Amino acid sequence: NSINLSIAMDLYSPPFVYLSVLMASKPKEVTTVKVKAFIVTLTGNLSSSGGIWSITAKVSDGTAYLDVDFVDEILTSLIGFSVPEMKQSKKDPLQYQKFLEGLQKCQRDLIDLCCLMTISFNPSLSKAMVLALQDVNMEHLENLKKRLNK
């Protein structure tokens, strides 16, 4: 029932904030912020357990490193196949070929990822889950100039 008002801009200021600042604020509960980051490296295999895609990676926004979990939807979008669709793709060489092409595309997309990501950080567990990805746009450029030019 309390919000440290003195860090509101530190955590929410448009277009993105910094991981180091978030950590320095010592969050006591799940906190959602937007950062501009890229993937330093994948930290585990792409899993299909539970009938959904999931993988862990280490990202950075230039101020710190953070382990994050990509779960379900974002991965289905990058790959182009859901888990059950992949399982069905198996009985046909050509459909399976498309899946393998989608797997590699997903691999390259994560290698080339450099955008704004909305992350749900759980301080009590020490990592986050990526909620969304967004390409930087003019709106972000204007917000950055605004908090820095006048």
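When you see a residue number, it is the position in the sequence shown, counting from 1.
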Quick one: higher average CA temperature factor, 50-58 or 119-127? 119-127
If you take the mean CA temperature factor per stretch, which one wins between 34-42 and 92-100? 92-100
Within-chain third of residue 13 by Cα B-factor, per the entry: middle
In terms of the CA temperature factor given in the entry, to which third of its chain does residue 67 belong: lowest, middle or highest? lowest
Against its chain's modelled residues, does residue 29's Cα B factor rank lowest, middle or highest third? highest
Could you place residue 21 in the lowest, middle or highest third of its chain by Cα temperature factor, using the values in the record? highest
